[PDB]
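Structure record follows, encoded as structure tokens.
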Amino acid sequence: XXXXXXXXXXXXXXXXXXXXXXXXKXXX
Amino acid sequence: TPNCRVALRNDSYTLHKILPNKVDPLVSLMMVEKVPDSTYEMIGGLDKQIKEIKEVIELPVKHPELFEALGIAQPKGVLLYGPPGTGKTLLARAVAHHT
Amino acid sequence: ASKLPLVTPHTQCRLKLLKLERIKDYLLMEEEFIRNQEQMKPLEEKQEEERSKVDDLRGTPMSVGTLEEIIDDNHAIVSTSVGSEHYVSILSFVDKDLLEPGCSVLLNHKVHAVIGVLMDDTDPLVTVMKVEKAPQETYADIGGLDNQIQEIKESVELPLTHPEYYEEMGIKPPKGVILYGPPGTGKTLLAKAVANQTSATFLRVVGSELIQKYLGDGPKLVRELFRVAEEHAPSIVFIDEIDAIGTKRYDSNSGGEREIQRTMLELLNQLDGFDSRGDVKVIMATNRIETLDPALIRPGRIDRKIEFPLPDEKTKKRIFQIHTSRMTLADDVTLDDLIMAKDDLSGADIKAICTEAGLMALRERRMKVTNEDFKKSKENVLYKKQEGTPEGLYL
Amino acid sequence: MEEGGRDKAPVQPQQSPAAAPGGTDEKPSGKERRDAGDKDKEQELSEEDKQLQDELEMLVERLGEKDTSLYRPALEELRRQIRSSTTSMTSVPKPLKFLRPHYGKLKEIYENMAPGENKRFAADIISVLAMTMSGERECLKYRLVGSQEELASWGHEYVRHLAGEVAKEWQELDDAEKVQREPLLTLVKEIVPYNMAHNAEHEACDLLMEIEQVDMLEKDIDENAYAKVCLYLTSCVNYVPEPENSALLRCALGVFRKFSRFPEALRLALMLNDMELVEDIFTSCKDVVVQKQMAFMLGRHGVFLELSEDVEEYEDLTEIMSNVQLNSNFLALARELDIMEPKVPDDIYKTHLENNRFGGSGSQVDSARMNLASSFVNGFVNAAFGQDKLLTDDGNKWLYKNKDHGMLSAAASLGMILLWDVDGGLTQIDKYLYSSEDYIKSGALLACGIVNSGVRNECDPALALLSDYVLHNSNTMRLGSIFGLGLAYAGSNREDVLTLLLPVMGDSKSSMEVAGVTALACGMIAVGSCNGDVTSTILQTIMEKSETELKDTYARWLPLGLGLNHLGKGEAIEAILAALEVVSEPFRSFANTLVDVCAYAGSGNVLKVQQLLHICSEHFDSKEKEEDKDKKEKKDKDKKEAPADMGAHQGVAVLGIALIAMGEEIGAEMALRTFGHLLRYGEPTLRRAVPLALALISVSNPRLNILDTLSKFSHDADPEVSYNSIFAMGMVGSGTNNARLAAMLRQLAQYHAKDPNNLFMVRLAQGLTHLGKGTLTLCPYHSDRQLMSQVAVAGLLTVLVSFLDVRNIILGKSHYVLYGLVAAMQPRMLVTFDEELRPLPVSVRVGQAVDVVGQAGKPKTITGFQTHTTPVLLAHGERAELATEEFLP
Amino acid sequence: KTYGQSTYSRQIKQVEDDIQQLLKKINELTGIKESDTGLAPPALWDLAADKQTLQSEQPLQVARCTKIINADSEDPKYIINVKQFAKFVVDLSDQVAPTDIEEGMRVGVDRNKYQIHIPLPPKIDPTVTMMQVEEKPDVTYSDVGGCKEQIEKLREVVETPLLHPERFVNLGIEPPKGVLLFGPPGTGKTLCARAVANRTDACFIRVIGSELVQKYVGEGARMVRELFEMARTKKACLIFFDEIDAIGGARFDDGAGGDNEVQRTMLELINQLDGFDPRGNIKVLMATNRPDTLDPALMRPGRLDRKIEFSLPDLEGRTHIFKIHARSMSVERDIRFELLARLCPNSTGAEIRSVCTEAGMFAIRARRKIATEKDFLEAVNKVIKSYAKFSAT
Amino acid sequence: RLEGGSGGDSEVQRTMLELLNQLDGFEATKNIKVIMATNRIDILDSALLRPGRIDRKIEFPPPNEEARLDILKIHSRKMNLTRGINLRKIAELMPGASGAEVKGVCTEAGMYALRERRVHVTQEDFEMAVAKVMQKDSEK
Ligand SMILES: Nc1ncnc2c1ncn2[C@@H]1O[C@H](COP(=O)(O)OP(=O)(O)OP(=O)(O)O)[C@@H](O)[C@H]1O
Ligand SMILES: Nc1ncnc2c1ncn2[C@@H]1O[C@H](COP(=O)(O)OP(=O)(O)O)[C@@H](O)[C@H]1O
Ligand SMILES: [Mg+2]
């Protein structure tokens, strides 16, 4: 009877992937 | 079928093959249709309540024609109430055997 | 589809006879022109050629997004399944007319452009509150009102079924109707009887279920109720039992009763403040009438107030008949033993008698009907009233 | 169901009418006193209308129908009073006694004898006794009589006066909204003899009311927005004397009998122009009636007000002719330099600024035919006093650089710069005239006819351009000299300079483009008489077009001025005249569809609309009469702009489905010029459905056909948010949709909506709906765009200065004698009110509120308040006089 | 069985009925493509489907939207989050000018090289979009007849500075930036609200008072911020409150455990109304039925200046409201209304219009085409008797 | 009811609306009753469920000596117990015990049988278990 409330958060997860055939030099 | 697993390509997202249902979770926990035994009329001390259940459940089942002659509907839902463990479970267990 | 918007003679004037036969001519000739397309060049130009141009234009995997906002004509903002938002342009393949915010879409991979729309489901709130079908008995159930029937018919039914008389004089129908009287009279019956024989949608609301233990949800349920009722259809909103939820500002207290005041204050504005709601029929039912807030009672909100009295010996002879119309009747009974005697008892008491006689007979496992069934049932319904009565002798 | 016991009337009126043949013979008192005791009682049980169920009228005829069938005929000795008791009682339930074949036998009870004065027992009752039944009489019974036997027996003779009092009764019971039910009676009764019905109803209306004129008054013109041809011929002259005889509102004469000018008789409105010259009290209604007579629907009136009162009451004529036109110049001089405009905006071309960074760099477009559009950055924006000293140097260099037709075009653009001018318009041409070139002078001297257009004073009736024309042994001195003067004297029907320019037709000097625009020039002048024009044109037509089977320079220019000389009459005589005149081969019977429907600008005649498609529907037609079905569709474009939104929705429903989707050449080449002719304001139905066939050019065809539909999709003036549609199409149209052929065209389309800020009124709808042609100036262009090869040579005469009949824009002016009042005006969306609860909220978009020169717009009916009484004309028309009066505290 | 109501009753009907049936049977005969799980009908995208869709494929981009935190010196060097992807330090592309890229702005950024292309309008949540009215009802000042003093006071305050900012300059005053309206119900509060929203020449913003009470704490305050932020952008806008008793009337503290969250929301309305950096051009109208139990912080002038009350006029407003409501209907020319107004001395304009709508029912209780004076006599015969023995009165 | 209504629908009342949907659909019992037994009786939506759907309510009092003796024999049925015992004294040492408390006694008697290292269950096991559970029942 007439009572407020606060809240909360449930953050999702995250993930990434690639073909992984890229070289990272290009320097020299 | 709806709610059915499928095999899916990672590139074109095409279906390959219907995967089988693992179990049917309702029909894996399908509720038991176990044997309706009574412990009999020897739940004495409750006999007034026993006479009520006979006249609201057994009397529609045993005597449909008293309702068919007089023209009144047969009941289908009975509510029981009291403190817990006073035979809410075990009495309707018995009546399903008496019929 | 929206072929010609003119209706303005609205009678048997010769103008409508000329206009609609022009519309008959422009439609026959458009048909007879296009009938001579599949006669002389009967080509199938766009069976798959329209489709295979576009199914190859869109990607084969489709992805469902969500609308957030709409900007000028082609580019709008969307939301992916994770929250990444894209400012992509829509194509002229999707119905732009049913494209409102809060809807699922179909997207692309590279440019993520909006390709199509997925149709919506049915909201649960209609399935909660709407009496979906014609529920119960028609006007063969009611016992001889014939004036209260006449008022509700020309306030709701005859406006809805045959609107032609109001628009002759340009006079709008009255808006609100209060049903009131002693309890057990047939207030719920008359709502369901009009809900039986109707052509528009009907909404039943129990007023006692409008008090949440949270707060703000009082006005929240109200502002969504007329929102659904407006957006759905021609609608008739019935709210039973407003007497013990919206009475008055009796002490101007706080702690819950102030919240109940705020719910009725929203309902008062949501009933009628701004931009007259249109094709919304409001019917309200009470037991008590005196302790009601007069800001609801004033015209502009409710215009019809109908008393529900109790007949004494005349309509009861059918109410006793209708409740005994589907049952047996041995020849030892006369309904005039009870109709002629007492003159105040409700129609709900009559149903309480006509069921109890069926209870007393089959409990003792007997045959059809005795007089002593109706004797003991009438005696019982007295105690069904009297055992909750504190009355002594002349107060 | 509580019946039985209280059924008094289902017993004794069931018995005594059954005892009426049991008491007709041998009972002389029971035959009549039980008849009178029944007749008053059923009349008593019928006058109250709270019970549609009557306890006899749905009860007695279970036997009373077979009773009356054996009581009324079978008595055969019907006396003088027992007929006034039988027929007065038994003619009442007969619409409900009988079923739907009552319509031949509303007479076998009633017309035995109509008993006395039937409204004696039918006065207070609304429609239940006989008023619906009298409409059931006049529907079927009088019409079979009045189909070929109007002059007949009792079925017309008493029926005239019987309907004569019922028509009074609609304004007698309560004077309801069923005043308009009396035209539901007067039109259904004697449909073609409506005037014989109206003549009794004119004088009955003359003594009816002076407050209850106006809604039936507008109901007549509601019924006169369209009709049958003879009905539209009939009720519109019946419409005329009701503000003349009953009321003297009488300021709705000159424009709302231009309604009745062309149908009934041209002299009849001239007799009403004489009726203008009768009601000469005093000036204020008089001045505003004659405001419209110059440049609002017609001119040619400057010869009838030089009679014996030439002091101020007839010295309004020249003030009407050019001085309020100079006050119409004082609009754009004073009031429009105040609101927005300095002399050179110039920057819609500069609004193409962000294109050079969209995709790297720019400076790629070097097409010399874009320089044609480079004149219109100067050209279109300088209308309404955009005068330019050395701001024409983009013209002045390009006048002396190349492009002979653009030397003609840049010189012809100067006339649009000094528009509606007589004061110094020739002074501006003369310094740019003397270059001694065929293309510069004939562009400049053609622009001289543009400057003095609408003036029709002494500027050059035979002075300048006739001296220009006689110089001919050559090019456009031969051509461009006849065009400007016929443009300048289009609104007149002067005969003399027509006969100065009839030997242009009679020369037979075979310059084909000169004789083609000659029929365009003379056609702009006259619309009625002078059959010698129709003689002179077809003489050279049989000389030249018979000895050819070639280009539409023959076809788009010569039969058109014929239809310009016979525009606007649904008589179907001019079709009998012109089509039997050029009985000929089908490439010369291309001209069949021209003068047929040029007389059919707007009415309701869908029997012509069915012969407008059913004859030449498709036929699959291997490139023979494809132009004939194009021009047949061209005449579908009119008869649609003025049924007042009635066939307009029907036109967009047909042509969006029938032609452009499932047609071959009629749709995919030509069928978009409807939208370049029907609607002139733009709404997102057609403004979006056309780039749904225009952004897709469908380049397989000669794509300038669809790019022709690019250009006059921007034939919607009154500037909008549609810069997004054109500038994005100009961005895709730079590289693709190549600039060799349309770089003029897209920017011609771009610069046209913002012609000026104002002066867009080209709709051919004045007051509320009358034409004001107008049509003679526009329709040359949409006929001209068929299809190609005039984007380079011949159409540059046309495409610049074809339509030049914009009448001005706005209605915010007050003109109380000093011209100092502003107003308290109130602009709104257009009216919807036709017949509802009197009086009526006239419009709906009341939120906007201005006081002074604010705009016109397409759907607007602007009113006022503050009790200034606005008492002038009560329709509208943009020079309200606005006297003042406040006798209301 | 039945009868003709007016002459050719079915004869016009089925002519209209079958052609609406035929407008269907056109389309399936042509071949119609409907209900194809969310597409467009084929008659208008077949000439859209081709290469001016490739003009939207290859030249157009995706342009992922973002949010700006701040700027740097001598150069843009903007710090920007996406939403939940990563926060970046990125630069504008060359198609913009570095002027309207102020902080706290939703902007669209290229997906490949992460560069700014388009500035976007900010996030306005729809719950306050649905209270901007965006249309104006047709209510004339003449329709609120009987209130010559009350409209004239309210004309002076709401209307006249917004349409004549001249006289207040030439005398050197400040207009009373807030007005309260009150009185007995059904008297014309909402009429004047609609009539000013008619002639507003402004961004009129509706507010229902109970839309602020919510379930969570502080979010009811966050509405009031977004109102006064759009108010400072939409210059010279009007804001209408209604039934402000729900927004808060008292500061009940004897047992301070009752209502608190409405008090916090009401205090937020106090600060953004007046105090610390005034609002400029915003006028506020309020309307309640009990203007007695309000917090005197609202009653301070500067906030609520004029207390206009609405009474039951005298005897002649009723005759004029008769001439407002019973001008617009179809009656007999034998009107008189001093006879009518003397029969109902204590009545609201709602009770006036209830009679005029009741009067049309008697003609439909009968079977008439009109409204007779004697019928309107019989209309005012019953409603005197109806109001004498009414249920609540 | 609609307490967890428009604020998320909570998935459970939507199932209850499908319970009401089928019972509205057709039974006429046909051969099948449904039985439901509850405490906390005054919270649910029975007023909509009174007409036709469900029916008469039956009260359960606290038990008695002959009731608890029968409840003792039923819940001590599935055991390996030893005879030579007065169960009626065991039932009459409990003045106001509930039937669920009887089930806890039969566990403790089997627990006392376990610490005997016996599969006998004697009278000594119950007489201490009744004293133990009633000691656990000695809070109010
Ligand atoms: N002075 C008046 N002139 C014309 N109509 C009036 C007048 N007073 C009331 N009415 C009519 O009464 C109706 C109610 O008016 P309004 O909505 O302003 O009441 P209210 O003041 O909003 O009531 P509450 O105080 O309960 O909110 C209006 O629709 C209006 O048509
Ligand atoms: N005139 C009548 N005809 C038939 N049954 C009636 C009549 N009046 C009352 N009843 C019986 O009494 C009950 C009336 O319901 P109602 O009076 O609307 O309850 P409440 O007023 O408390 O909502 C119905 O169940 C109906 O069976
Ligand atoms: Mg209000």
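Please note that chains go A, B, ... in the order of the structure tokens, that every chain numbers its residues from 1, and that ligands are numbered from 1 in the order shown.
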
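Inspection of the environment of ligand 3, which uses only C-alpha atoms and all ligand atoms and a cut-off of 9 Å, identifies the neighbouring residues as residues 268, 269, 272, 273 and 274 of chain C; 185, 186, 187, 188, 189, 190, 191, 242, 243, 287, 288 and 289 of chain E.
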
All residues 6 Å or closer to region 98-114 of chain C, only C-alpha atoms, same chain fewer than 6 positions away omitted, as a list in words: residues 63, 64, 65, 66, 67, 68, 88, 89 and 90 of chain C; 61 and 62 of chain E

Selected residues written out, C-alpha atoms, as a PDB file, in the first residue's frame:
ATOM      1  CA  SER C  63      17.755 -10.255 -38.923  1.00  0.00           C
ATOM      2  CA  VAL C  64      15.059  -8.816 -36.679  1.00  0.00           C
ATOM      3  CA  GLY C  65      15.625  -5.396 -35.154  1.00  0.00           C
ATOM      4  CA  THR C  66      13.512  -2.906 -33.238  1.00  0.00           C
ATOM      5  CA  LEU C  67      12.378   0.613 -34.099  1.00  0.00           C
ATOM      6  CA  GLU C  68      13.382   3.428 -31.774  1.00  0.00           C
ATOM      7  CA  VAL C  88      19.975   3.012 -41.598  1.00  0.00           C
ATOM      8  CA  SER C  89      17.754   3.878 -44.539  1.00  0.00           C
ATOM      9  CA  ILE C  90      14.520   2.005 -45.220  1.00  0.00           C
TER      10      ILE C  90
ATOM     11  CA  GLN E  61      26.245   3.730 -45.575  1.00  0.00           C
ATOM     12  CA  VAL E  62      25.275   2.400 -42.143  1.00  0.00           C
TER      13      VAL E  62
END

For ligand 2, which of C:180, C:202, C:374, C:238 is the closest residue, counting only C-alpha atoms and all ligand atoms?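 Of C:180, C:202, C:374, C:238, the one nearest ligand 2, counting only C-alpha atoms and all ligand atoms, is C:180.
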
Which residues of chain A are close to chain E, meaning at most 12 Å apart when you count only C-alpha atoms, and how do they look as a count of residues only? 14

Give as a PDB file with N, CA and C atoms, in the first residue's frame the residues surrounding ligand 2 up to a distance of 6 Å, considering only C-alpha atoms and all ligand atoms.
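Listing of selection36.pdb after writing:
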ATOM      1  N   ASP C 141     -34.179 -13.662 -20.536  1.00  0.00           N
ATOM      2  CA  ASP C 141     -33.783 -13.876 -19.149  1.00  0.00           C
ATOM      3  C   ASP C 141     -34.372 -12.819 -18.223  1.00  0.00           C
ATOM      4  N   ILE C 142     -34.460 -11.580 -18.702  1.00  0.00           N
ATOM      5  CA  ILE C 142     -34.815 -10.450 -17.855  1.00  0.00           C
ATOM      6  C   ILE C 142     -36.290 -10.500 -17.482  1.00  0.00           C
ATOM      7  N   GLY C 143     -36.596 -10.065 -16.264  1.00  0.00           N
ATOM      8  CA  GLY C 143     -37.974 -10.012 -15.830  1.00  0.00           C
ATOM      9  C   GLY C 143     -38.571  -8.624 -15.869  1.00  0.00           C
ATOM     10  N   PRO C 183     -28.868  -3.834  -4.101  1.00  0.00           N
ATOM     11  CA  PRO C 183     -28.117  -4.960  -4.669  1.00  0.00           C
ATOM     12  C   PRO C 183     -29.007  -6.167  -4.901  1.00  0.00           C
ATOM     13  N   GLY C 184     -28.622  -6.986  -5.872  1.00  0.00           N
ATOM     14  CA  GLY C 184     -29.445  -8.104  -6.273  1.00  0.00           C
ATOM     15  C   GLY C 184     -30.562  -7.743  -7.219  1.00  0.00           C
ATOM     16  N   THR C 185     -30.400  -6.683  -8.004  1.00  0.00           N
ATOM     17  CA  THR C 185     -31.481  -6.212  -8.854  1.00  0.00           C
ATOM     18  C   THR C 185     -31.335  -6.684 -10.294  1.00  0.00           C
ATOM     19  N   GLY C 186     -30.111  -6.824 -10.789  1.00  0.00           N
ATOM     20  CA  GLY C 186     -29.918  -7.212 -12.173  1.00  0.00           C
ATOM     21  C   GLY C 186     -29.033  -6.247 -12.925  1.00  0.00           C
ATOM     22  N   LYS C 187     -28.164  -5.556 -12.188  1.00  0.00           N
ATOM     23  CA  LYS C 187     -27.255  -4.606 -12.813  1.00  0.00           C
ATOM     24  C   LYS C 187     -26.198  -5.322 -13.640  1.00  0.00           C
ATOM     25  N   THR C 188     -25.674  -6.438 -13.130  1.00  0.00           N
ATOM     26  CA  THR C 188     -24.717  -7.216 -13.905  1.00  0.00           C
ATOM     27  C   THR C 188     -25.408  -7.919 -15.067  1.00  0.00           C
ATOM     28  N   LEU C 189     -26.692  -8.253 -14.904  1.00  0.00           N
ATOM     29  CA  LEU C 189     -27.456  -8.888 -15.975  1.00  0.00           C
ATOM     30  C   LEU C 189     -27.609  -7.970 -17.172  1.00  0.00           C
ATOM     31  N   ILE C 319     -39.878 -14.238 -13.239  1.00  0.00           N
ATOM     32  CA  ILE C 319     -38.556 -14.522 -12.682  1.00  0.00           C
ATOM     33  C   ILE C 319     -38.570 -15.850 -11.935  1.00  0.00           C
ATOM     34  N   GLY C 347     -34.365 -10.379  -6.962  1.00  0.00           N
ATOM     35  CA  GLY C 347     -34.280 -11.424  -7.964  1.00  0.00           C
ATOM     36  C   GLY C 347     -33.130 -12.376  -7.711  1.00  0.00           C
ATOM     37  N   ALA C 348     -32.090 -11.906  -7.020  1.00  0.00           N
ATOM     38  CA  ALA C 348     -31.022 -12.797  -6.592  1.00  0.00           C
ATOM     39  C   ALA C 348     -31.501 -13.759  -5.519  1.00  0.00           C
ATOM     40  N   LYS C 351     -33.311 -16.548  -7.413  1.00  0.00           N
ATOM     41  CA  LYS C 351     -32.349 -17.531  -7.894  1.00  0.00           C
ATOM     42  C   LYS C 351     -31.801 -18.366  -6.747  1.00  0.00           C
TER      43      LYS C 351
END

Which polymer residues have any atom within 12 Å of an atom of residue 292 (chain E), counting only C-alpha atoms, with same-chain residues fewer than 3 positions away left out, as a PyMOL selection string? (chain C and resi 252) or (chain E and resi 182-183+244-245+249-250+288-289+295-296+298-299+307)

Could the residues in this selection be written to a file with C-alpha atoms, as a short mmCIF file (atom, residue, chain, number, x, y, z; two decimals), in the first residue's frame?
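Wrote result-v3.cif, looks like this:
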data_model
loop_
_atom_site.label_atom_id
_atom_site.label_comp_id
_atom_site.auth_asym_id
_atom_site.auth_seq_id
_atom_site.Cartn_x
_atom_site.Cartn_y
_atom_site.Cartn_z
CA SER C 252 -8.54 14.19 2.94
CA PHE E 182 -10.30 27.68 -10.12
CA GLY E 183 -13.99 27.50 -9.28
CA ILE E 244 -2.51 19.80 -9.65
CA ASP E 245 -3.70 18.23 -6.40
CA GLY E 249 -0.79 19.78 -1.83
CA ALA E 250 0.63 19.29 1.65
CA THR E 288 -8.08 22.69 -9.87
CA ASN E 289 -11.37 22.31 -8.05
CA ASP E 295 1.40 24.25 -0.56
CA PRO E 296 1.99 28.01 -0.09
CA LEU E 298 3.14 27.54 -5.07
CA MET E 299 0.97 30.37 -3.73
CA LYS E 307 -6.46 33.82 -8.85
#
